[PDB]
């Protein structure tokens, strides 16, 4: 059994950042610090934390600013460093509470871009990285017109909507799509300029900064992901400095591999990989 404790801290700008700590009833083997993606929140990761907890891992998971239970204007950000700074605070909380534990940083989609950006800035502050469909090549997905709009408007009017996404592509399971669309904590609007700018900041610098990532790296990606094409993860694993880097491709899976019907197999793979490398 893994128990959830809800806490908060003051993020950049004195925003209230809510986070969960999931603690198993066994001696802790390592600590996972988890970053969710755009428009969602950490309580879409209960089952992930519970599965990791069965492996003896403690999971810290925040709601990013403008998401879920945390404060701030919804999906408002001006710079990727807002997200990575708050992520860094959570890593520091985990480090102080479990100083004898290795640290795993885990991110999905936009959260994978956040974790990647954190990981190249602080490569000695964690031991292992796991990324689910990381949004690290957004420049391939944003048209030239809204790339200009996002880069010129993203700090002046970060809340300005510039594009809509097909949430029905998050999963092959209609129950997952339905639960997403009815979740009051999920953002159901358009993607705003500030998010676009932050996504472009990660993607434009990924090839030049990826060599600084030398920790063991596991990337998970569904081959039928229509939100973040798998080619971006294939490029990522070619650019990182890590010698111990793997991309596990899941044939037929959609974007949210941790929520797909095969999620217990995906999570078995993650736990097996972590077990070998801790």
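Numbering follows the first chain given and starts at 1.
When the Cα temperature factors in the entry are averaged, is it 53-61 or 37-45 that ends up higher?
The stretch with the larger average C-alpha B-factor is 53-61.
Comparing 252-260 with 20-28, where is the mean C-alpha B-factor higher?
The stretch with the larger mean CA B-factor is 20-28.
Just to confirm, going by the entry's C-alpha B-factors, which of 90, 153, 198, 177 comes out highest?
Spelled out: the listed residue with the top C-alpha B-factor is 153.
Using the temperature factors in the entry, find which of 137, 73, 186, 133 has the highest value at its Cα atom.
Going by the entry's C-alpha B-factors, 137 comes out highest.
So where's residue 111 on the chain's Cα temperature factor ranking, which third?
Answer is lowest: the recorded C-alpha B-factor places it there.
Would you mind ranking residue 216 by its C-alpha B-factor against the rest of the chain and naming the third, lowest, middle or highest?
According to the entry, residue 216 has a C-alpha B-factor in the chain's lowest third.
Hey, what third does residue 172 fall into on Cα B-factor, ranked over its chain?
Within its chain, residue 172 is a highest-third residue by C-alpha B-factor, going by the deposited values.
Among the chain's modelled residues, which third holds the C-alpha B-factor of residue 157?
Answer is middle: the recorded C-alpha B-factor places it there.
Just say lowest, middle or highest third for the CA B-factor of residue 222 relative to the other modelled residues in its chain.
Ranked within chain, residue 222 CA B lands in the middle tercile.
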